[PDB]
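J.: The structure's right below; bear with me while I get my questions together.
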């Protein structure tokens, strides 16, 4: 009936999908034509978001759900079996996301109980899970990774390993991997008057002026611009407000165009003008 | 082919229209069905805007045009003849408007030569024309009347008789009938980066917080406001900016809903929220 | 029995039946939900509003590449442009002589593309004066063609021969303007017209000094005989009998041609000259040939005006802006800031990405100063579209762009690897 | 004595430098004059490979 989230594969070859019928369908798109390939069923509740891991680790795809469990489906010659599962949270799991391929193969999941698990991968079918309790007050909805940024020796750098995340408390808390091993909330961002729906960490076009977008029940979309001259100073700026909720927000790769999904079943595109005010480039559908 | 402006009659009975073919057509809408009634032809150039006078003066309708002339068509038993004409400007006449019915039967016209005529009516077929030269630098596009506001004796009050007006210089100059007899520019409003297209003096819902809307080539819509009676303070506030020009702006009567015409052949509606920020209530068409 | 959870969860989740969604993907395509997909995933794509035909033919990209010299950057093996003999001129061939583009381009090619003697004489006082002039004619000679239809035809309309002459002057055609003068028994003019081309104060004053006298009880004089002497005075628009009145029916460009031919008010730089005209006259809105002049006119303030200009007009085509900055930057022609250059290099290299023409993207990508960013993009672009940049796009683009041996092998290996399981 | 058309042709044939001299032709500037003649003298040494026309024209500048 109704799908929730669906994301294209890297190298634009597949297209995983999931709807409230608890079915994770992987469709192939060669030449523009859709063609199913498997219907990975396995959630006791509707699937929420879904994300493809980086081809550098073979072919992996994870899906979270209202069943409080998250699944990771590997692939070995057409063998789409699940190599690992993780039910570390008590309430539904609104979102998942993968850490930039350099950090390794880390997966971030925000539940509705107000927590956040982080599955790191080891040599074999093993997965450690550094968890974050009471991250948001009433639960969490969004989880986005901060772009992989590189900081005289034979070493692959230690990254700042940050990742933002909105929730039901209205706060968009940023996070950071403390040198010792666990994450801490580097900062809070309270600009929304109701539930934060989605939070997307725009990719850095090599440019140091890292941005982040958010949309919430209040129907406003903010763009937290930040000049981190070593101190957390995130100055929100209003994109627009619709009389209805905004459900999703995503960044187009090159221009940094924002796809604003929400309101009237319509989706909008935006680009920040040479003037600083963001504009709507067009109406989708 | 393409119409320009068309305005419904008071008492919602007729519907005058004009298009670039120099034809001023008066339709009639009883029950929702359109039915022509006369095609008043008479302009050497396309007709621009058109306005219906107040039924208190019989049935009058004036239309300006690129022909540098403005026409006033009376009506006597179906006799739609023109009782007066006025070619007091050298360049085209972008707009016309009638002064609130209490001031009398005054008509304001802004030309493209940068002037502004004001036809007042007398006892018979006579019309004096107090004119304003070099009102705007490159010409004028909009002309809107300020709502008739009433200030122990047998007298019909002397009103502040103001009327705003945008133009090609980007300035939205307000105006006022000096006690002696001529109008003077009470104030300028420079917030637009290009030609001001239209300027509409929102009607006061009895409320003293008089407002005014404007739209220009830059593609921004401002709702200039005055916090109190008698304080020369007009603080503009941005409604929205589209990547394309906005052609017209009109006020809905009760709610003060703004109909924003311009951009992508689309027209939008806006209502100022209980929060102060303006929102789009819906998309027309 | 199964609908109450959909209701409970739809509700225990603040989810209206209005919930929609959309997300851009790696290739730069967005997935809207429409019911038009086997699974309701309208994979629409992103429009490259970049309208200019030649961009889709190998030849241009291929040929325009030999126009450059690539060299790995100072902080990594990622190639960046060292030298580029790129001129507006280049582009002309691939366009058509009737389009406004050809004009905009042909114009720039004149205002900015370098001028040059074709023989080695070195009195720098001379060579510098020639090029000074070569550029002069070149430009007026152009406007003469742009106002050709305009004036030529406006001449068929005249019963007055004297007015006819003034018109021929307006086209910088002295030879015919003179012939007419003699043939109408209005010779004295053929004399002045003779002097017109030069700069002799005797005349200049003789003209003006006369003009002043002509305002004292001496009427029945043609506006044309006057307008003409005015053309001798020197500055015709800021005069005692000004021509500022012509703004009525003459293309602003018609006027400009005047200030550039008879308006040599002072003997200085052209750029500044052009600029003088702009001061007395307002320009055509939304006009690309117009803007381009302001850019030429505002010499040192070049980048400042550009910024100022782009903030108000969509008349200048992304690809143009870029080609401008670039041709101007690699010829010393003007003053352009690294921040602003790369700022507009991304712009273009992006449109080229939505169009999928990666070959172009990668190439424009080398016009990046920020070695981090360059590497950053290149690694990305290539890692995702290797197959596309291989076997037939001309068979080597990547070696041609002095791209890293490793990156190729790496990203290559990665996909073969990817396709490996898919099979 | 048709400079206007003589010039137009010069530019239109990708032989612009002439349109420049042609510009000066009508006046009397020694710079040019000499530039012309001084060149002419050089053109008689080893390099006799130019149009008789480009030459004839510079000749019109010499005086």
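We number chain B the same way Swiss-Prot does; the residues here are 14-164, 171-304, in that order.
Any Cβ shown, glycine's included, is placed from N, Cα and C.
Straight from Swiss-Prot, here's the annotation block:
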type	residues	note
REPEAT	B:55-96	repeat 'WD 2'
REPEAT	B:101-144	repeat 'WD 3'
MOD_RES	B:184	phosphoserine
REPEAT	B:210-253	repeat 'WD 5'
REPEAT	B:260-299	repeat 'WD 6'
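Explain the structural surroundings of these features, please.
T.: Note on the repeat 'WD 2' (B:55-96): residues 17-24, 27, 29-37, 39, 102-111, 114, 118, 120, 122, 124, 130, 132, 134, 138 of its chain, located 6 or more positions outside it, place their CB under 8 angstroms from a CB of the stretch.
Neighbour list (residue B:184 (phosphoserine), Cβ cut-off 8 Å, at least 6 residues apart, same chain): B:123, B:129, B:148, B:149, B:153, B:155, B:156, B:157, B:191, B:192, B:193, B:194, B:218. Look at residue B:184 (phosphoserine): DSSP puts it in coil.
Long-range neighbours of the repeat 'WD 5' (B:210-253) within the same chain, counting only residues 6 or more positions beyond its ends whose Cβ lies under 8 Å from a Cβ of the stretch, are 154-160, 162, 182-187, 189-191, 193, 259-270, 272-273, 275, 277, 279, 281-282, 291, 297.
Residues 18, 216-219, 221-222, 224, 230, 232-240, 242 of the same chain lie 6+ residues outside the repeat 'WD 6' (B:260-299) yet bring a C-beta within less than 8 angstroms of a C-beta in it.
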J.: Please work out the helix, strand and coil residue numbers for the repeat 'WD 2' (B:55-96) from the DSSP assignment.
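T.: Across the repeat 'WD 2' (B:55-96), DSSP assigns the residues as follows: 3 helix, 17 strand, 22 coil.
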